[PDB]
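Worksheet: the structure to be examined is printed underneath.
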4 protein chains.
Amino acid sequence: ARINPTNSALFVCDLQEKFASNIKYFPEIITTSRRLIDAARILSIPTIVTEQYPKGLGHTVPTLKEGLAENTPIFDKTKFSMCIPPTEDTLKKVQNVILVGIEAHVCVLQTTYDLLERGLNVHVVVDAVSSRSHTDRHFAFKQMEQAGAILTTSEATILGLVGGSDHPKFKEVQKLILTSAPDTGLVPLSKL
Amino acid sequence: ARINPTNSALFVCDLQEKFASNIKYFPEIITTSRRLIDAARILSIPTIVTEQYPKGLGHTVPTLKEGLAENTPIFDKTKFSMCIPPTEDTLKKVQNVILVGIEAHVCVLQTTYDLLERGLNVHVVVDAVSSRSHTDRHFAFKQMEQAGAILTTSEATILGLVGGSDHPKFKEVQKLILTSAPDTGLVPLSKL
Amino acid sequence: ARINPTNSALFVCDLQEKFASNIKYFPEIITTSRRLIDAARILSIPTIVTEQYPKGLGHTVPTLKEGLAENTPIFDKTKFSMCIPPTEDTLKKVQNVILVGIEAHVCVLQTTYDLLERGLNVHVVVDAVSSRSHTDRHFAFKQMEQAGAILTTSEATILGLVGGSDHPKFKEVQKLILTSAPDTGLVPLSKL
Amino acid sequence: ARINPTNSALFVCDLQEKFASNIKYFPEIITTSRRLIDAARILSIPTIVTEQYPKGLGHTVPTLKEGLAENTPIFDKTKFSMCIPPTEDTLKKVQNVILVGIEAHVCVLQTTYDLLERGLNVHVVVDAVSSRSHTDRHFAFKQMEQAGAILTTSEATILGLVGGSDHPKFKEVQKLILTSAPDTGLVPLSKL
């Protein structure tokens, strides 16, 4: 599974502001999710944003909306998976889904399962995906891996999409990754 | 393997009183196993409970018993695996087994092996499964995933079973997960 | 792969005296390797022991020799893999090899590759296998896992062989695991 | 996948001067990469070196060039993968690639994928591979192994190539591994 700007879509899973206080490393996950949003906008990659029950949970964080392409749709849902009817038009035109968003073990995991069933490759951006619980997040990644999803990072994805430093949009995406993505406790303390 | 209340069974492995002093995170595992017992009762999911040598090892912890459906069967065994004659008819009806309890590397692991041989999918609830030794538990999970068992968490499992906030039993199961399941030392301390 | 006393052999890899100063958790690995030596003797499981360059690295630690049955051969070698001509006949009569010993990333790993090629299932006893370096040991397990070897522990293996407390040899092998196996730093320290 | 000096090539990717201050464990990785370069020269294993945009990033670190086998090609590139036309003839002669170098999640990962696509076995030397970010490096290895790359270590590789202590070049390669390769924090802390 080799991602490029013409065979991939970005899915933004339920990144709503009323979650903030519960989600682990939420500020970092917003920062890094915005990088992927910008990258998708620069690389003309179709972006889908969902919102879980926005009547109670509010809408997508403003900063993320501000990076979205002019015609990016935002679909509301009560089903955990992002694979709802109005997303299928986008899904027919791509072979890869890049996934960011929250409750890795719920909406991100169920989405991942649905996309894999449909024969799509799923690229989970671990530094842009989190849960209320560290354990739920930790094992969400394992379940996604077991099922065949690629566990990747923001900088790996962004540079993987352009393939080389000669890419027409390399300088634009390089600006987004000038500083390393903020740490989200993914790397264990080292044994001496 | 997509779990729902109609294609799954809950298996409760040997969570007995005399194990309290020896099993790592025993109190936590009891709390979290009870959540899964409750979810199964709510969603009409058949529950099987076993006990190993109940005369020596005690009976199932009261907190767990108190959550069981009116006619949930409790079977005693000497075999490590829960796949014993009295459980065979339950297994014939289901495609998935949700697994909690102890002897992670013994009874839980051997149960897992036996179920996979029978063609069942196994969903090991890591935050509800433990051992006397941290090392035994850690590599039990690795052995299960190697064998093809799914390493999942209680909250992932509960919400996975309902699939969305419009499920008629969503509000009932939502009570079970109001607070995150207690930590059982599954996530490594991270470095900067 | 389901291990039992009639389908398995124990392979003891190069647990020699001069490694004592240059192996992480050497005393712990000897203690635990002796447990598997004991279990194999009790259960009539054929045991094969090797020695690499005994003139320059010393002989098998006395504790381990004392646990071997009256027969049990000790083969010297210069090749890293324990798969030398004298071991070929034992391998033909079994489907599983339980593996303990040192140079996880060298002698243990190469033995593992050779055995899997011969069509044998390999069960690596992680709490009885080590290296001079933590990194070499850590990724040795990952390499073994990748090739299809099972990463197991001493108690999991010993109890896995008997399958229940009604087994005629249960109480005899239970003696070997009354106390948990020594801790060889294999579990990540966890975040609060 | 059984590496020997006659079926293998060493790929050194983008270990250049301007990366020195922007790569975790750069000095360690250079020391360890030099061990593999020396081993390849000793064992007459074909070595290939790439440099990414050497106009801006400078050239291969002097110490590494000092050890290179006599007729070693060094190719420049802007594409992240080492799999460029000039490397094709080398790759048609081998079944195994040993990989060291930097942007674990960029050059090394992209090279790894390209190599695996060509039906080559990839041996990733984890103690000679790193990134600017720990998280990027950590998941680089995960993505590599998901794709089928072997995560190995320098000492495992050197000794794996010779097969035994009676190899005509064993004493020569043994000098390179007299001390353990410098630690790069790859093993999870288990005890403070």
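Here's how to read the names in the structure tokens: chain A, B, ... by the order shown, residue numbers from 1 in each chain, ligand numbers from 1 in the order shown.
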Exercise. Within 10 Å of chain B, which residues of chain D show up when using only C-alpha atoms, listed as a ChimeraX atom specification?
Worked result: /D:133-135,185,188-190
Problem set entry | Close residues, residue 48 in chain A itself excluded, 9 Å, only C-alpha atoms, min 3 positions apart in chain, as a count of residues only | 12
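Within the 9 Å cut-off around residue 148 in chain A, using only C-alpha atoms and omitting residues fewer than 2 positions from it on the same chain, the listed residues are residues 116, 121, 122, 143, 144, 145, 146 and 150 of chain A; 146 of chain D.
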Could you please take those selected residues and save C-alpha atoms as a short mmCIF file (atom, residue, chain, number, x, y, z; two decimals), in the first residue's frame?
```
data_model
loop_
_atom_site.label_atom_id
_atom_site.label_comp_id
_atom_site.auth_asym_id
_atom_site.auth_seq_id
_atom_site.Cartn_x
_atom_site.Cartn_y
_atom_site.Cartn_z
CA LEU A 116 -10.84 -2.59 5.42
CA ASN A 121 -6.09 0.49 2.88
CA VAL A 122 -6.17 2.33 6.20
CA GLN A 143 -6.34 -4.05 17.03
CA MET A 144 -5.97 -1.83 13.98
CA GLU A 145 -2.56 -3.42 13.28
CA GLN A 146 -3.95 -6.97 13.72
CA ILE A 150 -0.85 0.68 8.80
CA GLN D 146 4.12 -4.96 9.09
#
```
Problem set entry | All residues 12 Å or closer to residue 104 in chain B, only C-alpha atoms, same chain fewer than 6 positions away omitted, as a PyMOL selection string | (chain B and resi 12-15+23-24+29+80-81+110-113+124-144) or (chain C and resi 152-153+155-156+159-160)
For this session: With a distance cut-off of 6 Å and only C-alpha atoms, select the neighbouring residues of range 40-44 of chain C, excluding the residue or stretch itself and same-chain residues fewer than 3 positions from it, and output the selection as a PyMOL selection string.
Result: chain C and resi 5+36-37+69
For this session: Using only C-alpha atoms, pick whichever of B:39, B:91, B:20, B:176 has the shortest atom-to-atom distance to residue 59 in chain B.
Result: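 Among the listed residues, the smallest separation from residue 59 in chain B belongs to B:20.
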For this session: Give the answer as one residue: which of A:115, A:84, A:61, A:3 has the shortest atom-to-atom distance to residue 164 in chain B, using only C-alpha atoms?
Result: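 Once distances to residue 164 in chain B are computed over only C-alpha atoms, the minimum belongs to A:84.
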Exercise. Could you state the separation of CA of residue 98 in chain C and CA of residue 101 in chain B in Å, given to one decimal place?
Worked result: 26.7 Å
Problem set entry | Every residue of range 27-157 of chain B that DSSP places in strand (DSSP E), as a PyMOL selection string | chain B and resi 47-52+74-77+96-102+121-130+150-152
For this session: Name the residues in contact with residue 182 in chain A at a cut-off of 8 Å, using only C-alpha atoms, excluding same-chain residues fewer than 6 positions from it; report them as a list in words.
Result: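 The residues that qualify are residues 28, 31, 32 and 127 of chain A.
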Could you save the residues just selected, with N, CA, C and O atoms, as an mmCIF file, in the first residue's frame?
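Okay, part.cif is ready:
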```
data_model
loop_
_atom_site.group_PDB
_atom_site.id
_atom_site.type_symbol
_atom_site.label_atom_id
_atom_site.label_comp_id
_atom_site.auth_asym_id
_atom_site.auth_seq_id
_atom_site.Cartn_x
_atom_site.Cartn_y
_atom_site.Cartn_z
ATOM 1 N N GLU A 28 -2.151 18.355 21.394
ATOM 2 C CA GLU A 28 -1.154 17.813 20.468
ATOM 3 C C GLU A 28 -1.815 17.183 19.240
ATOM 4 O O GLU A 28 -1.353 17.360 18.110
ATOM 5 N N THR A 31 -3.072 19.918 16.933
ATOM 6 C CA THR A 31 -1.903 20.461 16.234
ATOM 7 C C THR A 31 -1.516 19.575 15.047
ATOM 8 O O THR A 31 -1.389 20.051 13.911
ATOM 9 N N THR A 32 -1.361 18.281 15.320
ATOM 10 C CA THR A 32 -0.911 17.319 14.323
ATOM 11 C C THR A 32 -1.994 17.005 13.284
ATOM 12 O O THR A 32 -1.686 16.825 12.101
ATOM 13 N N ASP A 127 0.050 9.775 15.957
ATOM 14 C CA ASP A 127 0.297 11.018 16.695
ATOM 15 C C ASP A 127 -0.828 12.053 16.523
ATOM 16 O O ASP A 127 -0.744 13.168 17.046
#
```
Exercise. Tell me, which residues of chain A carry DSSP helix (DSSP H, G or I), written as an MDAnalysis selection string?
Worked result: chainID A and resid 26:42 54:57 62:65 85:91 107:117 134:147 154:162 170:177
Would you export the selected residues with C-alpha atoms as an mmCIF file, in the first residue's frame, please?
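Result file is again_1.cif:
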```cif
data_model
loop_
_atom_site.group_PDB
_atom_site.id
_atom_site.type_symbol
_atom_site.label_atom_id
_atom_site.label_comp_id
_atom_site.auth_asym_id
_atom_site.auth_seq_id
_atom_site.Cartn_x
_atom_site.Cartn_y
_atom_site.Cartn_z
ATOM 1 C CA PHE A 26 -5.841 16.570 22.922
ATOM 2 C CA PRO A 27 -3.942 19.821 22.166
ATOM 3 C CA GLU A 28 -1.154 17.813 20.468
ATOM 4 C CA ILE A 29 -3.681 15.775 18.459
ATOM 5 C CA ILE A 30 -5.313 19.001 17.196
ATOM 6 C CA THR A 31 -1.903 20.461 16.234
ATOM 7 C CA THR A 32 -0.911 17.319 14.323
ATOM 8 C CA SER A 33 -4.369 16.790 12.780
ATOM 9 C CA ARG A 34 -4.207 20.365 11.420
ATOM 10 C CA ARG A 35 -0.853 19.523 9.761
ATOM 11 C CA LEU A 36 -2.497 16.645 7.878
ATOM 12 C CA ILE A 37 -5.468 18.863 6.969
ATOM 13 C CA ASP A 38 -3.087 21.504 5.542
ATOM 14 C CA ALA A 39 -1.119 18.792 3.704
ATOM 15 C CA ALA A 40 -4.331 17.371 2.196
ATOM 16 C CA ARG A 41 -5.391 20.887 1.107
ATOM 17 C CA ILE A 42 -1.968 21.577 -0.453
ATOM 18 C CA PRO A 54 -23.045 17.630 17.432
ATOM 19 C CA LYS A 55 -26.272 18.590 19.269
ATOM 20 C CA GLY A 56 -24.609 17.372 22.476
ATOM 21 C CA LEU A 57 -20.933 17.189 21.511
ATOM 22 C CA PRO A 62 -12.369 25.945 14.683
ATOM 23 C CA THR A 63 -8.602 25.729 13.958
ATOM 24 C CA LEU A 64 -9.201 22.482 12.029
ATOM 25 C CA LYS A 65 -12.092 23.967 10.005
ATOM 26 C CA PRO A 85 -23.931 6.813 3.047
ATOM 27 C CA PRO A 86 -22.686 10.347 2.087
ATOM 28 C CA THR A 87 -18.997 9.303 2.335
ATOM 29 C CA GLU A 88 -19.242 6.542 -0.294
ATOM 30 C CA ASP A 89 -18.834 8.870 -3.310
ATOM 31 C CA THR A 90 -15.392 9.908 -2.009
ATOM 32 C CA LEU A 91 -14.496 6.290 -1.165
ATOM 33 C CA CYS A 107 -14.990 5.756 16.119
ATOM 34 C CA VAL A 108 -11.457 5.423 14.678
ATOM 35 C CA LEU A 109 -11.383 1.608 15.152
ATOM 36 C CA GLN A 110 -14.906 0.925 13.842
ATOM 37 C CA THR A 111 -14.203 3.203 10.842
ATOM 38 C CA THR A 112 -10.963 1.295 10.224
ATOM 39 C CA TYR A 113 -12.831 -2.035 10.288
ATOM 40 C CA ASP A 114 -15.485 -0.785 7.816
ATOM 41 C CA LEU A 115 -12.904 0.638 5.369
ATOM 42 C CA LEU A 116 -10.844 -2.590 5.422
ATOM 43 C CA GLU A 117 -14.013 -4.611 4.730
ATOM 44 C CA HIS A 134 -4.156 5.607 27.468
ATOM 45 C CA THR A 135 -4.936 1.848 27.602
ATOM 46 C CA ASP A 136 -7.868 2.155 25.174
ATOM 47 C CA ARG A 137 -5.620 4.140 22.823
ATOM 48 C CA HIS A 138 -2.682 1.714 23.219
ATOM 49 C CA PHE A 139 -4.737 -1.348 22.296
ATOM 50 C CA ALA A 140 -6.785 0.399 19.616
ATOM 51 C CA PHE A 141 -3.515 0.642 17.664
ATOM 52 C CA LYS A 142 -2.843 -3.069 18.260
ATOM 53 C CA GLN A 143 -6.337 -4.047 17.025
ATOM 54 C CA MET A 144 -5.969 -1.832 13.975
ATOM 55 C CA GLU A 145 -2.558 -3.420 13.283
ATOM 56 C CA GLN A 146 -3.948 -6.971 13.717
ATOM 57 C CA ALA A 147 -6.713 -6.126 11.214
ATOM 58 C CA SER A 154 2.239 12.582 10.516
ATOM 59 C CA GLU A 155 5.720 13.260 9.124
ATOM 60 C CA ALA A 156 6.012 9.751 7.628
ATOM 61 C CA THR A 157 2.644 10.266 5.887
ATOM 62 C CA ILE A 158 3.339 13.817 4.642
ATOM 63 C CA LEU A 159 6.755 12.940 3.192
ATOM 64 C CA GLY A 160 5.512 9.542 1.962
ATOM 65 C CA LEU A 161 2.882 11.305 -0.156
ATOM 66 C CA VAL A 162 5.435 13.433 -2.059
ATOM 67 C CA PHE A 170 7.562 19.614 -1.439
ATOM 68 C CA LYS A 171 8.464 23.105 -0.150
ATOM 69 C CA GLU A 172 4.845 23.774 0.898
ATOM 70 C CA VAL A 173 4.501 20.536 2.901
ATOM 71 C CA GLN A 174 8.015 20.940 4.345
ATOM 72 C CA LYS A 175 6.812 24.113 6.119
ATOM 73 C CA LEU A 176 4.243 22.016 8.019
ATOM 74 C CA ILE A 177 6.890 19.602 9.329
#
```
Exercise. CA of residue 47 in chain A and CA of residue 123 in chain A, how far apart in Å?
Worked result: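 Straight-line distance from CA of residue 123 in chain A to CA of residue 47 in chain A works out to 14.0 Å.
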